[PDB]
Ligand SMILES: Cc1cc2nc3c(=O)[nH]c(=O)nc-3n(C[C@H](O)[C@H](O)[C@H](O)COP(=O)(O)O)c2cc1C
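There is one chain below, alone, in structure tokens, taken in the form deposited without the named molecule.
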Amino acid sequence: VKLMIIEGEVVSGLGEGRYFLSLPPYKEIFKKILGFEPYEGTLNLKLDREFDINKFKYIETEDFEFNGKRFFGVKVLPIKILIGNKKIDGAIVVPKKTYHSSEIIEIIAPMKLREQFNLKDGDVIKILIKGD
């Protein structure tokens, strides 16, 4: 059981509220794949080094056709979000296009962690990959 604890600083990204948090196929598939409807948003962390999902066993969702538009699937890597004593299930998400640096990861969880744990930017958490 090869684990991986990684530390990251809560920051804010762009979060147009993004097709893949917002459309039912994505909803339903995260339900399949991760077993939760993720909260419609992402907690972005700044890591101490670059991060590469490909260096892991990621699920890659399929592209969808939704109301005439095509939508690209997303690479998701499941994780445990470690906030103080509590230790939530979540995933690192990587869509097709992303303007941010490789040292930023996005975390999705079943609820908005920001609010549910009153996090501010600058705060640090640990997350737990259990992969490599």
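So that there is no doubt, residue numbering starts at 1 and follows the sequence shown. Rigid core: the largest C-alpha set superposing within 1.5 Å between the two forms.
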Worksheet, complete the sentence: Quick tally, chain-level thirds of C-alpha B-factors: residue 101 sits in the lowest
Discussion item. Using the temperature factors of the C-alpha atoms in this entry, rank residue 32 within its chain: lowest, middle or highest third.
Written reply: lowest
Discussion item. Using the temperature factors of the C-alpha atoms in this entry, rank residue 88 within its chain: lowest, middle or highest third.
Written reply: highest
Worksheet entry | Among modelled residues of the same chain, the CA temperature factor third for residue 95 | lowest
Worksheet item: In terms of the chain's CA B-factor thirds, is residue 54 lowest, middle or highest?
Response: middle
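Below, we refer to the form deposited with the named molecule bound, which is not included among the displayed structures.
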Worksheet item: Superimposing the C-alphas around the site, does the named molecule, as posed in the deposited complex, end up open here or blocked, where blocked is 3 or more of its atoms within 2.4 Å of backbone or C-beta atoms?
Response: blocked
Practice prompt. Indicate whether the named molecule has at least one heavy atom within 4.5 Å of a heavy atom of residue 34 in the deposited complex.
Written response: no
Worksheet item: Is there any non-hydrogen atom of residue 51 lying within 4.5 Å of the named molecule in the deposited complex?
Response: no
Worksheet item: With the cut-off set at 4.5 Å between non-hydrogen atoms, does residue 15 touch the named molecule in the deposited complex?
Response: yes
Discussion item. Check residue 30 for me: does it contact the named molecule in the deposited complex (non-hydrogen atoms, 4.5 angstroms)?
Written reply: yes
Response to the item:
When the named molecule is considered in the deposited complex, the residues of 77-107 having a heavy atom within 4.5 Å of it are 93, 95, 97, 98, 99, 100, 106
Worksheet item: For residue 124, is the CA shift between this form and the one not shown at least 2 Å following rigid-core superposition?
Response: no
Worksheet item: Using the core for the fit, does the CA position of residue 58 change by 2 Å or more between this form and the one not shown?
Response: no
Discussion item. After a rigid core superposition, would you say the CA of residue 72 moves by 2 angstroms or more between this form and the one not shown, or not?
Written reply: yes
Discussion item. Since the Cα-Cα distance for residue 19 and residue 59 shifts by 3 angstroms or more in the deposited complex, is it a contraction (closer) or an expansion (farther)?
Written reply: farther
Response to the item:
Per the comparison in the deposited complex, the residue 19 and residue 60 C-alpha atoms (change 3 Å or more) are positioned farther
